[PDB]
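Structure, as structure tokens:
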Amino acid sequence: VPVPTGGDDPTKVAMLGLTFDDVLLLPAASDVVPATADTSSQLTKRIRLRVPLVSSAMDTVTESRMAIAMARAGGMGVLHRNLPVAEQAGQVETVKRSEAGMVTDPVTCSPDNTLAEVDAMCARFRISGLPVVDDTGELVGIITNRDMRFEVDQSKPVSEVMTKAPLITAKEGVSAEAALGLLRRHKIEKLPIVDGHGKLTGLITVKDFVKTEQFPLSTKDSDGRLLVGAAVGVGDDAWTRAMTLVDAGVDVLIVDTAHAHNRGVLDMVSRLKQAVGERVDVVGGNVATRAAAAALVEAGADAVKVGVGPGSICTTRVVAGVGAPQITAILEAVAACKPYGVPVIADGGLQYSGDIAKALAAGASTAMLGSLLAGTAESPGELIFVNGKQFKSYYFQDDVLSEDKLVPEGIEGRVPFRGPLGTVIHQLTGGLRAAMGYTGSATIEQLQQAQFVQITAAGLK
Amino acid sequence: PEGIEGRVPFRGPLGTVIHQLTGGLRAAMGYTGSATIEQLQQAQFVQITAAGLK
Amino acid sequence: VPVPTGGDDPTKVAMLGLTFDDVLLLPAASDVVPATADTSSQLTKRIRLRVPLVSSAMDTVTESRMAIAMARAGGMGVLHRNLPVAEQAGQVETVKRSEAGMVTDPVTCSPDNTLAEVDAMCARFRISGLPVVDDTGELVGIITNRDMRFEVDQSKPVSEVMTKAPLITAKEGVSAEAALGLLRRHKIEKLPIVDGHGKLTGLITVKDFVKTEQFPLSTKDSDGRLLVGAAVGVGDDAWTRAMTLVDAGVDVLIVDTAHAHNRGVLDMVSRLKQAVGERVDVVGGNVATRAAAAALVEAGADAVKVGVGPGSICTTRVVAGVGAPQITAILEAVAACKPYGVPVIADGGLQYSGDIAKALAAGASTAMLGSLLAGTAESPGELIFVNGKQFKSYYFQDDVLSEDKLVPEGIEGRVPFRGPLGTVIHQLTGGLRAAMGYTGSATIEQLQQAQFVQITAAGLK
Amino acid sequence: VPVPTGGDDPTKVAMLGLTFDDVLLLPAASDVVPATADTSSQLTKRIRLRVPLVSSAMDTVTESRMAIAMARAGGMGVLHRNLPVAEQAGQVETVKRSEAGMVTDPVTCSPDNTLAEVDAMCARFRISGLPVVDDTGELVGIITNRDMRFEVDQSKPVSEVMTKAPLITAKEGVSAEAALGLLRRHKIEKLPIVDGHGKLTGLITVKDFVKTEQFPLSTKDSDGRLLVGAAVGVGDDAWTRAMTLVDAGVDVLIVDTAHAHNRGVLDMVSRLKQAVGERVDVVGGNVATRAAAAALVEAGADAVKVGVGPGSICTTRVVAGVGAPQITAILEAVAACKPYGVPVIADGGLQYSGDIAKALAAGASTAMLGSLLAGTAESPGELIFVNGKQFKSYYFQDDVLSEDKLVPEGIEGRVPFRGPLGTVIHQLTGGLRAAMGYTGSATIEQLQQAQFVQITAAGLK
Ligand SMILES: Nc1nc2c(ncn2[C@@H]2O[C@H](COP(=O)(O)OP(=O)(O)OP(=O)(O)O)[C@@H](O)[C@H]2O)c(=O)[nH]1
Ligand SMILES: Nc1nc2c(ncn2[C@@H]2O[C@H](COP(=O)(O)OP(=O)(O)OP(=O)(O)O)[C@@H](O)[C@H]2O)c(=O)[nH]1
Ligand SMILES: Nc1nc2c(ncn2[C@@H]2O[C@H](COP(=O)(O)OP(=O)(O)OP(=O)(O)O)[C@@H](O)[C@H]2O)c(=O)[nH]1
Ligand SMILES: Nc1ncnc2c1ncn2[C@@H]1O[C@H](COP(=O)(O)OP(=O)(O)OP(=O)(O)O)[C@@H](O)[C@H]1O
Ligand SMILES: Nc1ncnc2c1ncn2[C@@H]1O[C@H](COP(=O)(O)OP(=O)(O)OP(=O)(O)O)[C@@H](O)[C@H]1O
Ligand SMILES: Nc1ncnc2c1ncn2[C@@H]1O[C@H](COP(=O)(O)OP(=O)(O)OP(=O)(O)O)[C@@H](O)[C@H]1O
Ligand SMILES: [Mg+2]
Ligand SMILES: [Mg+2]
Ligand SMILES: [Mg+2]
Ligand SMILES: [Mg+2]
Ligand SMILES: [Mg+2]
Ligand SMILES: [Mg+2]
């Protein structure tokens with residue numbers, strides 16, 4: 001009748017929880033070469049990444065710069081929501097406008113504006129070339145960086161400096177090969193695209209072709225723009241934030257909570273899925289059990305994020321006594337999500353590339369990276385020297401169960417510097433490809449079927 | 001054994017200590033869905049290994 | 001012919017400078033008991049302190065609270081100038097209004113004010129009871145804290161709560177004994193003072209008598225208000241600041257510069273001396289040589305402050321290569337100041353109470369305390385607990401040679417907590433009295449005649 | 001005109017003070033073997049020690065046990081005064097009654113005393129045998145430990161247990177050889193000494209002869225009793241204490257103050273010298289200058305104790321800024337005391353046996369040992385074990401300038417254990433004999449003529 005660990009209830013201690021340090025991947029029969037392993041995996045039901053890594057929605061990790069770098073490297077970034085709605089939507093617009101096959105609404109000016117006004121617009125949009133349109137809206141010329149750098153009078157009007165028409169233009173529906181051929185034939189960097197009446201419709205640049213050459217792994221939509229995601233909370237303010245982010249062109253909305261097994265979180269996920277589910281993917285917040293993941297799947301989540309107090313010395317574990325070891329949490333959530341084709345994102349507790357391999361082997365489809373990217377060059381903050389060491393120096397946060405609530409008030413800052421993001425991503429992908437080679441996994445979907453060996457405490461000495 | 005014990009370190013006012021402890025308890029109640037202490041007495045544990053203490 | 005340290009110029013290495021660690025006070029014939037030694041000393045030519053200690057004009061040391069505490073303990077506080085002119089003059093007013101023989105400009109309300117507005121006035125001025133005057137100027141009542149505390153409705157007019165006239169009042173020129181006898185006979189705390197016409201002219205409180213009995217060492221003017229000093233820089237902004245501070249009732253102005261051997265500083269000292277010299281005393285900034293002290297005396301300074309890079313690992317020493325050991329600097333400055341009766345304030349480099357005694361024995365009249373007071377309860381800042389330890393948390397600074405120009409941009413704060421100011425002052429004064437007993441110095445002027453023994457490096461191991 | 005270290009006064013810095021670490025003894029022409037070096041020296045004008053060492057009058061160093069052990073080793077002990085007058089006089093009596101050539105007031109019982117009363121008297125006086133006298137005063141027998149150890153009945157009277165007369169006795173003034181021969185012939189440990197009437201006058205024991213053989217270097221008066229010293233302060237309580245101690249049989253009185261250059265201390269020395277000078281020697285308290293030593297010599301002191309803040313990190317140096325390096329202080333005091341034949345006792349700053357040699361070579365006649373003896377088994381306290389280590393666990397103090405007035409309240413205790421006193425004394429005397437061998441000094445008076453070499457800071461690395 002009694003339980004060996006105490007009491008008369010055998011379900012009081014429901015499980016033994018394994019963390020990353022408890023397991024190792026077993027070698028298996030392999031013809032897979034590490035350099036030829038396919039590391040592509042599903043982020044949501046509709047979005048597939050070339051590198052199964054996403055950066056966290058933390059204010060020390062992902063802003064527009066980190067999102068652009070992650071999308072270029074084959075992953076994706078999730079923009080944090082610790083800021084006003086308009087500023088977050090502006091960061092989304094910055095990421096979506098970084099590059100494209102064709103600029104659909106290019107920034108234009110008028111012949112009357114002074115060169116200082118064009119300078120201000122160039123600074124505001126971080127571009128250097130503008131087509132010029134009059135009151136009638138007809139294309140009259142183009143003013144670029146070459147014209148302006150050779151003019152001292154900043155009060156001159158555009159008409160006196162601009163390259164007047166006829167310009168090298170192209171018609172709507174022009175092929176990329178033909179557009180690039182025109183650009184190289186005339187030795188120009190810009191090519192406006194016009195309709196049948198001669199009105200401006202778009203702009204094609206050489207720099208977009210060069211960027212496509214330089215970053216062949218980029219995560220992009222059908223228009224050639226980088227994909228980005230953004231985090232929202234729960235409540236009416238979160239609804240307005242989500243609608244603004246959807247207008248700005250976000251691709252993924254992550255309902256980001258510390259404890260998603262809540263009726264409010266599930267209702268928010270269902271509401272967003274009904275409202276904008278045709279366009280954007282909705283990802284459910286952090287869960288750690290099978291029942292919570294099943295509830296999120298029932299609510300219509302396109303992916304389930306897993307982890308609740310996954311770190312060993314975690315503040316949730318110390319202050320509230322609440323946690324779930326991450327390997328067991330991933331196994332339990334995958335048991336609920338896999339029959340419906342809903343991907344799992346492992347969020348938290350990753351220290352090494354081996355942990356990424358173990359998390360993918362346990363069943364997750366992607367890993368979300370936090371502290372591993374906090375000190376990179378692309379992360380927010382300014383780079384400063386202190387005692388010969390390099391560091392990175394820097395209303396919302398409405399989650400009642402978030403760790404910032406549990407921690408006492410104080411000061412934190414001066415995260416260390418870690419170098420460029422590309423080297424970190426290269427090292428992590430190298431570890432993952434080595435694991436795929438050892439396990440004989442040609443794809444991530446095959447890696448999700450690999451076996452573990454459980455090790456004892458002596459194996460960690 | 002016979003000896004000397006003394007000089008306990010100072011810890012501040014009692015109110016902040018009680019506030020911190022009750023805040024942690026309320027966070028646990030929110031995580032487990034326990035509206036009262038009697039419901040908190042029905043919550044489940046997960047046992048962790050030694051690697052969970054490092 | 002060549003100098004043994006190199007070169008041919010024997011004045012290239014001008015002197016050997018002694019710091020505090022190099023010297024000790026020699027015991028001499030003594031009949032002085034440490035408890036009956038007289039530690040009074042001149043701060044300026046006209047101001048004598050019971051305890052020869054002054055707090056530094058640093059934004060982590062002296063604000064109104066520290067100034068009040070220092071003046072009550074027998075010293076004085078100098079308010080820092082790292083703040084707007086209005087805020088500094090307001091802190092001057094806060095110190096001057098802490099206590100007096102008779103409040104000569106009492107705060108009054110009108111019979112039509114409401115209890116919320118009277119409560120707001122009490123909040124603004126940190127008082128609790130107001131006399132009431134009508135548009136005629138006649139005293140018709142008084143409303144104090146007992147009247148307000150029992151009234152739940154804060155919208156009631158004063159005329160419905162106030163104690164109506166006739167009140168317990170007294171004529172101008174009443175002796176203190178008579179006023180206290182009236183206050184005790186009628187068992188009240190406040191006594192309005194009116195002229196022959198019954199128009200309100202002042203107020204006398206029991207709290208002032210209690211404060212006078214409680215702090216018998218207080219530094220006070222002829223009106224019984226606490227003395228205070230403030231720091232000013234150089235320039236036109238400094239002139240406006242100095243005039244404002246004089247209007248607010250400051251008693252000492254300190255032209256506080258890192259390098260006072262400069263025409264600008266000398267001209268500022270002369271200007272203040274000619275403008276406001278009959279009311280306030282003017283103290284010249286930091287010098288380290290005989291010639292600079294002589295220049296300040298010729299300019300007309302009432303006291304001379306001494307110390308330029310006086311600490312061993314000072315930032316001025318490391319970054320600029322400039323400094324002066326403090327014992328030698330004090331000796332050189334006193335050689336210029338003593339024949340004219342100008343007191344010397346030793347600023348910087350003090351670590352222990354023995355150093356205070358040594359500074360006074362070298363010829364200084366007062367010591368200025370910085371870091372030794374930064375962590376006390378009366379210094380600016382809020383008290384917090386960080387990891388089991390107690391810490392104190394927290395356009396101007398236009399001095400071209402100040403240390404903040406030399407230290408790189410960075411972060412500072414969280415000074416350690418050090419307890420109440422009274423215990424620190426007690427310990428320092430006890431050390432000074434012990435030194436006076438050892439050297440046979442009944443007064444500070446006799447301590448200024450004591451002899452030193454120079455010790456070697458082995459005596460510092 | 002200017003002094004190179006500052007100011008115009010060349011006497012402001014009077015001297016350069018040498019400590020022990022600043023000097024070494026230079027080897028000189030020698031024919032002295034360390035084993036045959038004579039280490040005897042004068043403590044006062046009338047007392048010569050075989051080992052020139054005295055233990056400090058500290059409550060952690062010298063009580064009756066330490067004083068007895070020191071006097072047996074050839075030095076002397078000074079009983080501390082941090083205790084009631086009766087208890088210090090009792091400790092003086094304990095030391096003086098430890099051994100003698102002949103016991104002059106032997107403890108006696110009466111035939112009607114029970115065995116329990118005799119046991120109580122034995123424990124009180126720490127003896128084991130008693131002569132028995134009647135009301136007539138005739139010696140009626142003797143009861144020793146042998147008689148009592150075989151008695152089960154504690155309630156019996158002495159007359160039934162004692163060895164009845166006739167006893168083996170001797171006449172007054174019997175020689176040492178005759179008394180010891182009579183003791184050995186009858187195989188007894190005790191020999192009463194009687195007068196012409198046969199009334200008891202004294203007692204001779206074999207244990208005293210054995211002690212004289214066992215400790216041949218003992219410091220003794222003419223009666224064969226060990227010498228002891230005791231400290232007094234200043235005041236009328238101190239005068240009463242001094243008179244009580246002189247009655248108890250003290251040999252040296254030390255007016256023990258932190259600063260003896262005081263009229264109170266000098267007048268106390270003169271008073272004691274005039275009242276009890278012919279019986280006991282008076283030693284003057286701590287000085288550090290030639291003038292103070294000259295004043296003590298004029299007051300009539302028989303020895304002068306030297307040292308005021310001699311330790312490098314002494315509390316007097318840190319808190320009051322007062323001190324004097326010990327080598328220079330000894331040289332200065334000897335310059336005043338030697339022409340008058342007054343010995344100098346060096347007190348404080350001694351860490352090694354080499355320091356003892358340096359202090360004697362500087363001119364001192366004896367060294368006072370403080371912290372070097374606090375851990376020894378003979379020092380007061382109880383030996384205990386804590387964490388595998390051995391430690392020694394433990395109204396007055398009117399000296400206004402003492403270190404305990406300077407140090408804040410807190411916890412001091414648990415001095416570490418250091419072993420038996422004899423080993424420490426042996427090590428120190430071996431060092432001193434090696435120094436005498438190197439310098440060619442046959443006596444301490446020749447060692448006082450040895451030369452020093454001053455070393456630089458590089459010699460201490
Ligand atoms: N000119 C322009 N570029 C835009 C606009 N919106 C986004 N972009 C992107 O900005 C990049 C072009 O920036 P520009 O500064 O104009 O570059 P460029 O002068 O053509 O090229 P470089 O001389 O190689 O820098 C391309 O990747 C465009 O897709 C827009 O309105 N105008
Ligand atoms: N009432 C009053 N006190 C003033 C004013 N300005 C300065 N003070 C000082 O503030 C103190 C009186 O403050 P209150 O709290 O009003 O005095 P109280 O009610 O008599 O004092 P308690 O003993 O605290 O009840 C005295 O030291 C006054 O000298 C003023 O305008 N009104
Ligand atoms: N018997 C005795 N000894 C005294 C007295 N006062 C001091 N002493 C000293 O104490 C020692 C003798 O102590 P006892 O215990 O009687 O010695 P004992 O029994 O002869 O000696 P052992 O048996 O060898 O220990 C000698 O050193 C005496 O000088 C006294 O009143 N009586
Ligand atoms: N489509 C076009 N038709 C005609 N002239 C053009 C066109 N695009 C650019 N120009 C003109 O050609 C010149 C070079 O412009 P281009 O866009 O090639 O580079 P740029 O941004 O001006 O130069 P850079 O990036 O080297 O500073 C400018 O004088 C510009 O006005
Ligand atoms: N001079 C005065 N003449 C008449 N009434 C007075 C006078 N001073 C005070 N009172 C009245 O006496 C009462 C007690 O006020 P008092 O100033 O003595 O203390 P309080 O500051 O109001 O209260 P407490 O200090 O005890 O909290 C009040 O009702 C007040 O209006
Ligand atoms: N002078 C004496 N004449 C005669 N008998 C004596 C004399 N002194 C001691 N005795 C006795 O001789 C016996 C031996 O005593 P002794 O003094 O030799 O040693 P003790 O101190 O009694 O014993 P222990 O052997 O423990 O030291 C005792 O019975 C004692 O009473
Ligand atoms: Mg360009
Ligand atoms: Mg270019
Ligand atoms: Mg009141
Ligand atoms: Mg009151
Ligand atoms: Mg015996
Ligand atoms: Mg025996």
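Chain labels follow the order of the structure tokens: the first chain is A, the next B, and so on; residue numbering restarts at 1 in every chain, and ligands are counted from 1 in their shown order.
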| said: What residues of the protein or nucleic acid chains come within 9 Å of ligand 3 when you use only C-alpha atoms and all ligand atoms? Reply as a PyMOL selection string. | reply: chain D and resi 94+96-108+122+125-131+144-146+188-190+202-211+225
Quick one: residues within 8 Å of range 350-352 of chain D, only C-alpha atoms, excluding same-chain residues fewer than 3 positions away - as a ChimeraX atom specification?
/D:347,355-356,369,372,428
What would the file look like if the residues just selected were written as a CSV table (one decimal), in the first residue's frame with C-alpha atoms?
chain,number,residue,atom,x,y,z
D,347,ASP,CA,58.5,47.1,26.3
D,355,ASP,CA,64.8,41.8,18.3
D,356,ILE,CA,65.7,41.1,21.9
D,369,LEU,CA,57.7,40.0,26.8
D,372,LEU,CA,55.4,36.2,22.8
D,428,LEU,CA,65.0,33.3,23.0
Show me which bits of chain A are within 10 Å of chain C, counting only C-alpha atoms, as a PDB file with C-alpha atoms, in the first residue's frame.
ATOM      1  CA  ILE A 384      32.404  49.321 -24.399  1.00  0.00           C
ATOM      2  CA  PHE A 385      35.809  48.568 -22.891  1.00  0.00           C
ATOM      3  CA  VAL A 386      36.101  48.101 -19.121  1.00  0.00           C
ATOM      4  CA  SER A 393      25.968  48.105 -22.362  1.00  0.00           C
ATOM      5  CA  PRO A 408      14.068  41.161  -6.228  1.00  0.00           C
ATOM      6  CA  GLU A 409      14.567  44.679  -7.503  1.00  0.00           C
ATOM      7  CA  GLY A 410      18.160  45.665  -8.164  1.00  0.00           C
ATOM      8  CA  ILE A 411      20.631  46.169 -11.008  1.00  0.00           C
ATOM      9  CA  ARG A 414      27.174  44.754 -18.652  1.00  0.00           C
TER      10      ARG A 414
END
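Minimum atom-to-atom distances from B:7, B:27, B:40, B:35 to chain A were compared using only C-alpha atoms, and the lowest value belongs to B:27.
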| said: Just the number, please: distance in Å from CA of residue 340 in chain D to CA of residue 28 in chain D, one decimal. | reply: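 That distance, rounded to one decimal, is 28.2 Å.
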Exercise. What residues in chain A have any atom no more than 8 Å from chain B when counting only C-alpha atoms, and can you write them as a PyMOL selection string?
Worked result: chain A and resi 11-19+21-22+259+312-313+319-322+324-325+401+406+457+460
query = If we count only C-alpha atoms, what is near residue 241 in chain D at a cut-off of 9 Å, once residues fewer than 6 positions away on the same chain are taken out, given as a PyMOL selection string?
reply = chain D and resi 84-86+88-89+232-233
*If you run DSSP over the backbone, which residues in range 71-146 of chain C end up strand (DSSP E or B)? Put them as a ChimeraX atom specification.*
/C:76-79,103,109,114,130-133,139-143
Closest of A:378, A:348, A:272, A:187 to ligand 8, counting only C-alpha atoms and all ligand atoms, is A:187
Notebook entry, point to check: Hey, what's within 6 Å of residue 141 in chain D if we count only C-alpha atoms and toss same-chain stuff fewer than 6 positions away? As a PyMOL selection string, please?
Noted result: chain D and resi 132+163-165
Long-range neighbours of residue 331 in chain C as number ranges by chain, 10 Å cut-off, only C-alpha atoms, 2 positions minimum in chain: C: 18, 288-290, 326-329, 333-337, 359, 361-364; D: 3, 5-9, 12
Fill in: Spatial neighbours of range 273-276 of chain C, 9 Å, only C-alpha atoms, chain gap at least 6 places, as a VMD selection string
chain C and resid 243 246 282 299 to 302
Residue contacts of residue 154 in chain A (7 Å, only C-alpha atoms) excluding same-chain residues fewer than 5 positions away, as a CSV table (one decimal) with N, CA and C atoms, in the first residue's frame:
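And here is the file that came out, around-v2.csv:
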chain,number,residue,atom,x,y,z
A,114,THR,N,14.2,70.4,-50.8
A,114,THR,CA,15.6,70.8,-50.8
A,114,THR,C,16.5,69.5,-50.6
A,115,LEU,N,17.7,69.6,-50.9
A,115,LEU,CA,18.6,68.4,-50.7
A,115,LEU,C,18.7,68.1,-49.3
A,116,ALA,N,18.6,69.0,-48.4
A,116,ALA,CA,18.6,68.7,-46.9
A,116,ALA,C,17.4,67.8,-46.6
